[PDB]
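Quick setup: one chain, the form deposited in one PDB entry, written in structure tokens, and binding and motion questions come after.
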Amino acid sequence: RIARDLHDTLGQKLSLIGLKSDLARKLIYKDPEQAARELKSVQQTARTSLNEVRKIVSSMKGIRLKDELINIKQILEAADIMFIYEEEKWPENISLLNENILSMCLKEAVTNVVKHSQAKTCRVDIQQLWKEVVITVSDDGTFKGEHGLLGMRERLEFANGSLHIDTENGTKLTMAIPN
């Protein structure tokens, strides 16, 4: 996973930084022009490696719940669906990891609204109850069915939480996760 990306994209860059380096050395007196070229190559590869790092560190830190909310506001307004959120007391101390899980889920949910729902409006509820945080997303558009969905289910279930789908007044997704 994280290991294959690290080892591969980053590994291959770093390996290459060494090889090109060593080549440019071999050419300092025989072909200084070609040493020079080789090293701009080195610097370009090193810069992009820094990008790779950025990305990896970003996945592993996890998206924050708050930031995911902000994001879904943006997304729905861009799809012209109306964003309703009656703000209430914030989740006590949810896991840093569980909070990512919720953010990822909420993401794919809201996405499915802008994609299939034909919805006018979309409600988002975040509430802390018992020793578990539950987020609800409903949308007033007809359900189109009966990847992403089974995905939420599983992420959330290895988590020890659950997912429900209700297609009576649209599609109301309910994710719950322990802390």
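Only residues modelled in both forms are compared. Heads up: residue numbers just count along the shown sequence, starting at 1. Rigid core (definition): largest C-alpha set, two forms, superposition within 1.5 Å.
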Query raised in the report: If you average the CA temperature factors over each stretch, which comes out higher, 43 to 51 or 26 to 34?
Result: 26 to 34
Query raised in the report: Is the mean CA B factor in the deposited entry higher across 114 to 122 or across 147 to 155?
Result: 147 to 155
Query raised in the report: Which one of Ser15, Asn160, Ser21, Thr9 shows the top CA temperature factor in the record?
Result: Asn160
**Report entry** CA B-factor placement of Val133, once the chain's modelled residues are sorted into thirds
**Finding:** highest
Report summary line: Assert third(CA B-factor, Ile56) within chain per record equals lowest
Query raised in the report: Lowest, middle or highest third: where is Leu69 by C-alpha B factor in its chain?
Result: middle
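Omitted from view is the form deposited in another entry, to which the following refers.
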Requested in this report: With the core superposed, find the residue in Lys55, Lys66, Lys120, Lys115 that moves its CA 2 Å or more between the shown form and the other one.
Outcome: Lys55
Report summary line: In sequence order, the stretches of at least 3 consecutive residues present in both forms and shifting by 2 Å or more at each Cα after core superposition between the shown form and the other one are 1 to 60
